[PDB]
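Shown here is one chain on its own, the form deposited in one PDB entry, set out as structure tokens.
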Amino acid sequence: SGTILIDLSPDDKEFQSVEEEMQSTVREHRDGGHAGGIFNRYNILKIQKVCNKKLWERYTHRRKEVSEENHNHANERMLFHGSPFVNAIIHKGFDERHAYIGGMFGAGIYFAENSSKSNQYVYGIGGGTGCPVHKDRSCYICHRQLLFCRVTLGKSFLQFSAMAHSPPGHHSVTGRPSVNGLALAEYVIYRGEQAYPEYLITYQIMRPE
């Protein structure tokens, strides 16, 4: 594949800032925990930097294209992605196989500001049948993985709300929450080259006291 994973020390500022983004963007979900489990915080077990020259150059090439189409503004974010295919993504990159075909903004690749939103997809859409070992969507034992990804949004189409093409004249879609005042935005891209899987985070959800 060309992918190397470099472990970050918990003493490293980079580990600490990624962990803080993970922990601080947990929220409660309208499903009461059905899909992703019941928790307020995680036990972070490992954070690895994902290093792949080809995939990075694929990303920066597309980033430049988007920037040049948007007054030299890539509108780059760091966003979470959860998927049963995390280990394929880090080796091969994002592509049409990683799209949410039934997503509310069409068939594209979905990312979240709330880590807990991406956690709902670690075992599949709706949490699937939960962890493979115990069949438990709220498993507190099994190790989960999320990606913290560098994403190029460019000019993003704003959708107020409660693989396809991006809307004409746009590079992405932003799903803005219109009902749940505590929810953060979600984003969709329609080209795998617009995201790079920068950090692989291994964690457990923690049972509340």
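What we label the rigid core is the largest C-alpha set whose atoms superpose within 1.5 Å from one form to the other. Counting begins at 1, following the sequence as shown.
The protein also exists as the form deposited in another entry; that form is not presented, and the subsequent description refers to it.
Listed options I125, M104, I101, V133; Cα moving by 2 angstroms or more between this form and the one not shown (core superposition)
Once the cores are aligned, the residue moving by 2 Å or more is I101.
Superpose the two forms on their rigid core, then report whether the C-alpha of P168 is displaced by 2 angstroms or more between this form and the one not shown.
No; that C-alpha moves by less than 2 Å between this form and the one not shown.
Please check if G32 moves between this form and the one not shown, taking a CA shift of 2 Å or more relative to the superposed core as movement.
Result for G32: no, shift under 2 Å.
Would you say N43 moves its Cα by 2 Å or more between this form and the one not shown, aligning on the core?
It does not reach a 2 Å shift.
Thinking of the 3 angstroms or more shift, are the C-alphas of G181 and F157 brought closer or pushed farther apart in the other entry than in this view?
Compared with the form shown here, the C-alpha atoms of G181 and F157 sit closer together in the other entry, by 3 Å or more.
Given a CA distance change of at least 3 Å, are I101 and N87 closer or farther in the other entry?
Their C-alpha distance grows by at least 3 Å in the other entry.
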